[PDB]
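Shown here is one chain on its own, the form deposited in one PDB entry, set out as structure tokens.
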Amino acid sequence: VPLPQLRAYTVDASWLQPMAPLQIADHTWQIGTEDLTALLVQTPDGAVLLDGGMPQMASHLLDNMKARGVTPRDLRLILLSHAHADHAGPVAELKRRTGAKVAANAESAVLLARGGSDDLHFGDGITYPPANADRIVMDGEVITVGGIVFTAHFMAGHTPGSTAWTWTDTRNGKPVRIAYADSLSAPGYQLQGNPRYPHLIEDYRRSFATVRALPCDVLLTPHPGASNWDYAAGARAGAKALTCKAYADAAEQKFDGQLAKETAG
């Protein structure tokens, strides 16, 4: 009996289904796939990308940037929700192919630098090309690109480095406070007494509170379904979106159920 072959990280087709750019606000576009968020924020002083999705999405992202008028040199900054393969997958390649630099917190930078390997919960099962961060950010730190101010809100749990990013855009003449909140799920995680993450539960509870309180006229999430976005629904893509409060409440209720199931399991 030979050792097993390596298994690739395969995903639902919709996660890999390209879509054309979908405008969220005056400067903010969804440019990823139907079921993975990748946000382009376009400014008079260059563009910012928040997440890139799966590794094989680099060229599609670049096509959509081009459709928007953003050349590779115009992409200045990549920000991440968290450094798993389905959100940070193409970062290394985008850095090679654009002017983009990565800003991330220390936890995300170290996970990004090992390509998602030695994950606290997934081990080496879900990896991707490693990349280096160019700037380390602290909780509450701001980065400004052509006058869009992005604020980091750490919300550790799904990964130690999970981050919400907030900024204010405009729409129909009025401010829109956009909150790109990270995942609050714990898929197959050992929650209680995890030797690799001993304060996991406390971190999730603090993160629910952080998400609940974000400035949040519009919530977006790395998996759009988690905030009830439907990117394929066109003019009504965001009509059913949750508030940050509702998103945090739903995640906490699910988390509490998982804790009870783990105790019983």
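We call the rigid core the largest set of C-alpha positions that still match within 1.5 Å between the two forms. One-based numbering along the sequence shown. Shifts are known only where both forms have a C-alpha.
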Given 129 to 137 and 145 to 153, the range whose Cα B-factors average higher in the PDB entry:
145 to 153
Identify the stretch, either 79 to 87 or 174 to 182, whose C-alpha atoms have the larger mean B-factor according to the entry.
174 to 182
Top Cα B factor in the deposited entry, candidates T159, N105, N194, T98:
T98
Ranked by Cα temperature factor within the chain, is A67 in the lowest third, the middle third or the highest third?
highest
What third of the chain does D26 rank in for C-alpha temperature factor, lowest, middle or highest?
highest
Which third of the chain does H60 land in by C-alpha B-factor: lowest, middle or highest?
highest
Assert third(CA B-factor, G234) within chain per record equals highest
Based on the deposited C-alpha B factors for this chain, I'd like to know if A47 is in the lowest, middle or highest third.
highest
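One more form of this protein exists, namely the form deposited in another entry; it is left out here, but the text below deals with it.
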Using a rigid core superposition, assess whether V11 undergoes a CA shift of 2 Å or more between the shown form and the other one.
yes
Using only residues present in both forms, find each stretch of at least 3 consecutive residues where all Cα shifts reach 2 Å or more between the shown form and the other one, with the core as the superposition reference, and list them in order along the sequence.
1 to 15
